[PDB]
DNA sequence: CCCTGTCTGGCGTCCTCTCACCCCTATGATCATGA
DNA sequence: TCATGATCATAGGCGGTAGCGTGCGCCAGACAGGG
Ligand SMILES: [Mg+2]
Ligand SMILES: [Zn+2]
């Protein structure tokens, strides 16, 4: 990675491989020009310890470091634990077509719908709007449609009301504890910059309104819209899966 | 590098402040008593070449 | 602290009372922090041990299930039969005590009408099919699970119940905490279980067992009181009898282990040589 | 216990996505152990349908065509 | 009497306890510690002189050379603070040191050096502290925070219960040096005694007692008493003192004097001890079985054979008695090894020892330190003398020696910094005494064992580490060169010293970035007692007890102000009156209650002196003399509260505000809030934001003026006098003559700090609040700062609140606000963003900043000038061009997408050599013109003051009334006047004037040099353009507002004016809260604050009514006097009969928007006083007005509570959190979207959400949620084509990060594949 | 070989936001000035 | 014309003639100590 300062603060792996190749080339040269009897041994010990620093740093006695106290990262520190490929990149991923803001009340909602801003609904639902523009014939190519929805002209709000209409979104509170923590709503466009969320539903999220933040996701494909309508809709989950108590208790 | 000195009375950390110090030939925890094969039975050499490595 | 806070929030609190309140409040906040730190890891380990168990058949085809009885600590009945045998398929078909008359068939989901018909006839113990005693290879059949919780009908073929189970256990982990005789209340028949009893000279019934459990059978069949009875305890009553409320029927000594006998005869010493086996320690200030 | 019952599986990807990855991968390396994706979390790893909901019908179709 | 800014608006003050010690200067920890650090300090310690006298003289490796120390000196900084923050340099001062080199001769190191050389040398740059208490490290104002750590000295801890699983407690005795090797004595379940050094391997403890050259006979002489057996004619008689026999059952019949004392089978009673010591029994008779296990003390040798009869510390048998009996010994010395009294811990320890003399012990210690190497007696002596017994590698401080003498019950608190033999022997004696059952262990969290480091001591330690590295360089170079030819600047180099101190002030765990968005946040971030950092504990490891308030935090560390979350109780905040002791502990004031009378002398107690005495509580009633009016008074004796008598008390608290900190003493009615809600209220009061026009608190605590003046945001007058010229830029004070120097004529100029960027992107403004011609006193505010008003502290604004449920829009915690609030522009905060653009140096050539730019037209370039940089004043949108930049390819700086603003300030920095373009020359001419005008006005204004002094002197003594202004004004000296003090004073003013002339010449030349020069910059950058956008963010649904008690809330709907509940006067309420947050979240103080705020506004409305009708000053005087008396025995006692009919009109001009009321913390306004003040206004007594509705126009039943609450806007806004992403950039190593908001990123669909979608039957939603939408690149391009063509369908593929997992597992020796 | 102590390996919540920081010192070579 | 001094540019892994580390805690299973 460049740090935009003329220098490369390198990753730890290139440092480790560079140490192994330095020590290995010096050992090839020392086996070339003959080792002094009981001498071709210290260099092989150094090579073994450099490879043991590369494959799993810190498992052998005291680990190495580049700067300054922190031990640098080997391969087994990229597979294991947190900050590794199993728990940070493969089981939970960062996801396109998503957004997040601060929640609020708005009690004029039916319980299968939530308020969602015009700016968030215009930025989540971009390629739907592109498809409706070149399907109705208001832009020739994709670039004219992109510049139309960047300027936000007076026709794309009608396009946006024609793409929101029967299309669920997934609302998500950030500590998801049980399976009612992800639910699916049908959006209503709001002038403003917050997510208006039905009050009874906030019994299931354990969410007050003292600064809580919720994240919305969009189901792209068709089967995911049917799963966010038949399986995950806010009217269906009125009973908890822990017991038979209703979860729509008026608070 | 081959150096002649005496271990106990002159303790090493005093002499540490200088070069000549990475550490002993060991093959083990203790500083291994090295042979001087070149000094004893292999004095004059390098007929390998003067390849001037690479 | 032996000097309590005699001031409420409508009036003032002076400095020391507010300081003692601060002791309590910061102890609570640190409990909530490290409590969340353990609770999240408990949910992780449970959803990673279950992780895989999918309702993959529709009938295993066994009979052996677990026995659901209402729990009895020794006071009021805490969890009744309706709230335990709600919606789970019966193991052996329940026969009412009009024996050889079937009340429910042996594969009937016990929803709310059937639970009320269980409560009316005062059914003892509806033996019921549990997940742990199933027979499906690589998964769990549908009938041994029960009702689809969060819905009304039986469980659908497929819903991953290990994950919803592990979340339902670990999700209230945020709410949890981190850091002489037998007195009766109700009235009914008297039951004893695992007892070796004998008759004393006083005419009562004394016990020669630690494993004795006393029970209070009520008027319609079930049990409303249970008491672990110690070793060598002395009952004022017997088995199958009838008592009244507020009547302590048993007494013992929790300090002394009684070595009471069965037959009536003299006492001698066998393999008891003085100086080695038994020592001479005279009780000085009493005499005996 | 549940951490030992989850580390002792016939599927090394589940026991690798749980606790210590070094011991699980070395034991499965010298044993030549062969996962067959066996349930939910390995299919979440590899990027295909869960065999729980709609993917359960898909997996019955896929296993029936085997 | 009152100061003149206290006659502007005198705050009404309830409160009953008459104060005796005012609030000290709140920034005294930082300033006093760093003044202790850098100052010319004689007599050795403390300061930099301690380091320079402990690491010097550097003496060489026997080369007879020596580099000794003379003195040091810091020159002036090249850059003052403002130029340093603008440009970006450190605010440092060069540290010149005078070092001396001496070189001894041969055969006489006690002989004469042949040559010396003393000279000045440059080393390091230590950063100075500004007057606010902060550092400027790289243009960013940073604070070093005090650390709370363990006090050096002995410490007797007890590892209770947990070890060995049998309840047998251990006891360890950690000696904690200030610098050096640790030392832990401990036990084990076999009751042996084990030493260890720096947590290394374990040895039996007496191996170090042989290392101090003790023979074993002397060791048993120290650690045990003696028992004497005399062989006198019958059965080897015994000397017996019966105190050892207290409860022991004898094995025989003890008789003496022909009298049976003790029977066999019984124990010796205390009265039998009295009998034996009353009859003075000395020699008793023992059997042959009594000395069957007695342990001998010293060695007995047989005189004939020359052999050893029995070794030391050995039990005696029959044959050993038979050997020593026939050798000629009549005295036998043994030891007393009881079960309860004295265990044989030393004896079992010596039986585990293999060693036998000093040499073997030193060999074993040298072997446990450095494993596996040949020891030598010289090396073992050198190591064990350099562990504990050398001035170099081991040093307790004075704090360490005080605790080490105090915890061992010594007398002198002075000693050496090194240990000795008596010290370790007393540690082992006290450890054995604690094991025996007498004496107590020491807890950890007790604040007599927690020292407070600060900026000075930590900077001294880092500077000392730099000096030991440089002595590790000077010892290398000094004896390996030719002498005499070098000077002591060729040897010592400034790289490790400057690197060490620059790394500490630059990036440490305690040198942290100042949270600066509020005067309160500054003055409570500088007062912070952090437990973390180097030498302390860590957050994710420990623990339970350290996160808990100990009983001795009372008046030292605040109990209620601490951050909730992962570190509660570790980021403690220091209290109000809490100073720091001489050693580093905490101390707090008290009042010495002599036997009857509370004497008004203050008297500072530490944390361990508080425990012995008995302290009365702060609010105890006393009748005008000090006599306690009760006969039972609530006190606290030894960490435990109780009820004591009237005149057994020894101290009383000073004021009732001293348990709390300055964060949580601005909360009115603190005693009514539950402690959780007071914690959240203090933390959110720290997190406020400055509004546009900050008002005042109607209900304060009187602590606002200390927090405002004692911080550094207001412009406090230095010398009082008369204002001469007020302006929005500057303020000129003319100094009064009874405060004024004779020379340097003197009228002061305050250059205010106008609109500039803070650290939290707020707008740190200063507004002048004085009129012209106005008198000001010494110690008084002239210019209000951010969130100040007339010298008070106004964080948020005070608004009309009602507690009622209003149609669901305030459901959980939400807040509902009228449009009357946003129309008045009263929360409209002003933010400033800094946007930088560098001109780097790459290949194909350098870059271009000029406006000849491809791919753009008129519509972009109309807002730029002819040289690329945007104008000053051009109001831009989100996504225009500010700086046009093209590389050898458009890379112009743009406004980031979303923010508006107005460009207020443009800086251009040029690396020297590069051609300045036309706008950089425009800024250079501009700043030349500004600095030229400013220094010329300095000369003109000070010359005007000097000529006014000349006119003031020439009033008498040869006065010329007409002849004074006929001649030009620069010659007012040669007029008719003899040799007096006046011609002397005119000569001194001529000296001052010519000094100002030549000083103005040289300073204008230096300022032209500073403007004209280039600046040292990054490697390979041409010029840096910085542009300051100034956004004005108003309010909207989604911002966070909160009061001062923990009542948070997202504002949920900005209603119109008409819908608000109004009352039967006509006025709409501004904010409708929710009542249901009160009984659960027990913050009942906000309702008393609401009622008292309504009382304050009722008095303000009556003043507005009595003034709007143009009434004469008599009725205003009447009503203001009635509103200022109004209470019990209070402290205020003002009278308006000494305000003289013009100040009363101006005081009423300041009271007409409400009357400010002080309510101190625990001595506040009771309920009856609020009722009596609500009766003075014509408001209802219960505080509740009946309110109509705005929609229906019909009355709400059951009348509701209205009043004024002082609510704060927090800077968790909603157009800083809101974010959305369709398709942006993707990361490089794993093809997943980036993280964050500045990077246009997507929200993390974490692991528990994957579990929650497995928990439903949603399978396709999860498949596209982790294959199509996230990772698979061909899958997502197929998806994007399919979405813009209307075909909702996914082609799945594989995650690319799983292929990364395959490459990382495959890059090991592991062969992972994909079968079939 | 049968305990029983020690040792060293594992593990210790989620999501988001902000900020700084990310070699300096020494040696060698070249150029300029002075003798 | 030659030599010396000063300034600028380019180049690597405790810094030193030792010693720094020291405020988590539980569980568990193997390795070994004692008997
Ligand atoms: Mg909340
Ligand atoms: Zn089954």
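So for chain C, numbering is Swiss-Prot's, and the shown residues are 755-933, 948-1056, in order.
Header entry for method reads electron microscopy, 3.6 Å.
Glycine too: its Cβ is placed from the backbone N, Cα and C atoms.
As recorded in Swiss-Prot:
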BINDING   C:814, C:888, C:895, C:898  Zn(2+) 2 binding site
MOD_RES   C:983  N6-acetyllysine
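For the binding-site residues C:814, C:888, C:895, C:898, the greatest number of Cβ atoms within 10 Å around a candidate Cβ is found at C:898. If you take the C-beta of residue C:983 (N6-acetyllysine) and look for same-chain residues 6 or more apart in sequence within under 8 angstroms, you find C:958, C:959, C:960, C:961, C:991, C:993, C:994, C:995.
The Cβ centroid of C:814, C:888, C:895, C:898 marks the Zn(2+) 2 site; residues of that chain outside this set whose Cβ lies within 8 Å of it are C:811, C:813, C:815, C:816, C:883, C:885, C:889, C:890, C:894, C:896, C:897, C:899, given in sequence order. In sequence order, the binding-site residues from C:814, C:888, C:898 that place a Cβ under 8 angstroms from a chain D Cβ amount to none.
Checking the recorded positions C:814, C:888, C:895, C:898, C:983 against ligand 2, the ones with a C-beta less than 6 Å from an atom of that molecule are C:814, C:888, C:895, C:898. DSSP gives the residue listed as 'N6-acetyllysine' a strand state. The DSSP secondary structure for residue C:895 (Zn(2+) 2 binding site) is coil.
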